[PDB]
Every structure is written in C-alpha cells, then in structure tokens.
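Computed from heavy atoms alone, side chains included, the values below leave out hydrogens, waters and symmetry copies. Numbers restart at 1 for each chain; the letters A, B, ... are given by sequence-line order, proteins then strands. Atoms within a ligand are numbered from 1 in the order they appear, just like the ligands themselves.
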Amino acid sequence: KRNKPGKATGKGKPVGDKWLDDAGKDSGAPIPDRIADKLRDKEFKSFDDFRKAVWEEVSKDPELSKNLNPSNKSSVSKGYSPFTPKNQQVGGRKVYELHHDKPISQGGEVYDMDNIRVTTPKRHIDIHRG
Amino acid sequence: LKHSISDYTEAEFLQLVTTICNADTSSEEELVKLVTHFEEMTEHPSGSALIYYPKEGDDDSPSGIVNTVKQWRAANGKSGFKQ
Ligand SMILES: [Zn+2]
C-alpha cells in the first residue's frame, strides 16, 4: 500500500522551534500545519515521493528551516531527511524517519498527514518495540 | 587512499568535508556513507555533530570543521594528515 498512488490529506498541527526536538519523545512530532497546507491534494506515486516532498517543503519554509544549521539546510534542499543529534542515531539510521501512528498493517492511512509523525531512529525503534 | 586520516592531505580532507557540507551527492544514501566515513576517520567523540550540531563558538564552515578535527587529533595523541 506504501507503493500505490494517493493524494495527501489532513491538517497537521502548529509547531515551534523545538519541532524536531519533539521527534525524540512520545509518539514523535506532528506534520506542521504549514507543510500540510502546501501538500494537501497533491498526488504521490509512493510514500517515498511524499517523504521527499516533506523535506523539500521544510527547506523552503522560513520558520522551519531557520532551526537547521547550514549543512542540514543543504541536505533538506536536496529533499533528503536531515541528520539527528548523535545519541538519537542507531547504526546506519542517522536521519529523521516518518512514522504512521495507526499502523499501515492495521489499515492506517498512508498519506493522511494527521496519521504521520516525525521521529528519530532511536524513538522510532522504541515505539515499534513491544 | 581513504582508510585513515593519515592517508589524506589536509586539502583532500577539506574536499571531503566540503562535499558533505554541500550535500553534493546523488542520493541520501551516498551522503550518509560519506558522513559515516568522516566519523570513522576523525575518531572525534562528537561524530556527525561536528558537521550538523556544532558546539557554541565553533566555526561550522568546511574550513572550521577541518581545523576542529586537526586540533583535536593533535591534542589527543592521534596521528595527523599526510603529505
Ligand atoms: Zn513507524
């Protein structure tokens, strides 16, 4: 289902400067409302294509991008996920990861931004653990 | 050629750091490979933070990063760059 086309939906939430700090805690950080406004109703061939669009929009957003350093700004400008702080990295997983709150395996929506969270590798592994 | 710091001249190492800082790759995978390589080369306890999460006061230009690495290795009993 991650590789079937869908249009992006949902509202997201207001965020601040600590947006990506929240990705290491609880259920992760929300998709920002400002990002949801840009991506709603666009069609994506796959979830990977959506992921790329998220980071490109972050690169272009003057409130979200200001809290990334020059090297991380370069990364998001390419549509790559930015690098997390070292202690949130796990092996070769060193960048922020998108997470579905209601699992896709359980009929969770792939492209509904209200069902998506931004996580660090460490937090993402821990959420799925059980 | 790229097995250790001592295999790189300072100029060659600056080229590597510049490529990383500019995300001058064809994929996210390629960039992650380069950052991992940097971490393994420098042996600096901060790892990727030298590039992405600089300590207050540190110069996070490519030149600044190279000098932070060079100074740390010099102060901590490690071998230096080639020439
Ligand atoms: Zn997940």
Side-chain angles (χ1 to χ4, degrees), chain A residues 1-61 63-65 67-68 72 75-130, chain B residues 23 25 27-33 35-36 39 47-49 52-53:
Chain A
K1 199 172 199 205
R2 281 189 193 83
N3 285 356
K4 194 277 228 58
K7 287 181 177 196
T9 59
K11 286 170 179 278
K13 293 283 198 285
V15 309
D17 291 355
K18 150 139 167 72
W19 173 51
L20 298 171
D21 291 17
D22 282 357
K25 306 167 38 189
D26 297 322
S27 300
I31 293 297
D33 53 10
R34 332 155 55 96
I35 298 300
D37 289 344
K38 309 307 185 310
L39 302 184
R40 268 198 309 277
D41 309 306
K42 290 192 177 202
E43 183 163 337
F44 298 94
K45 277 73 138 66
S46 74
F47 193 71
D48 290 346
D49 280 3
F50 174 81
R51 180 203 194 257
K52 188 176 157 42
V54 172
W55 298 116
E56 286 175 335
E57 285 308 316
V58 168
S59 87
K60 291 183 284 197
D61 183 303
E63 291 287 10
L64 307 170
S65 69
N67 299 296
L68 291 173
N72 253 338
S75 193
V76 291
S77 86
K78 301 297 198 183
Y80 307 163
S81 182
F83 284 87
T84 72
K86 180 174 192 284
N87 63 24
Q88 294 298 309
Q89 307 177 357
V90 180
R93 295 159 74 163
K94 297 175 174 281
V95 301
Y96 295 95
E97 296 181 0
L98 299 183
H99 165 68
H100 291 92
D101 187 56
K102 177 176 173 189
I104 292 172
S105 67
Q106 299 165 225
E109 294 292 336
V110 176
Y111 299 104
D112 188 329
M113 288 172 288
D114 295 323
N115 195 40
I116 300 168
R117 301 290 182 281
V118 183
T119 55
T120 61
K122 177 184 186 189
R123 190 67 204 138
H124 201 194
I125 289 166
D126 283 341
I127 292 168
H128 280 268
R129 271 178 184 168
Chain B
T25 61
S27 71
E28 186 177 300
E29 172 172 54
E30 283 181 15
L31 183 60
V32 176
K33 180 183 178 71
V35 171
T36 296
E39 294 181 67
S48 56
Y52 300 104
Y53 298 92

Exercise. With the Zn ion (ligand 1) as the point of reference, which N/O/S atom of A:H99 is the closest?
Worked result: ND1
Exercise. Hey, is A:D126 close enough to A:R129 for a salt bridge, meaning N to O under 4.0 Å?
Worked result: yes
Exercise. In chain order, what residues pass the ring-ring contact (aromatic ring centres under 6.0 Å, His included) check against A:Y96, with sequence neighbours excluded?
Worked result: none
For this session: Just jot down the side chain to side chain contact (heavy atoms under 4.5 Å, CB included) partners of A:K25, sequence neighbours excluded, or say none.
Result: A:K18, A:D22
For this session: Just give me the atom name: the N, O or S atom of A:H128 closest to the Zn ion (ligand 1).
Result: NE2
Exercise. Mind checking whether the Zn ion (ligand 1) has an N, O or S of A:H100 under 2.8 Å?
Worked result: no
Problem set entry | Least distance between heavy atoms, A:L39 atom then A:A53 atom | CD2-CB, 4.0 Å
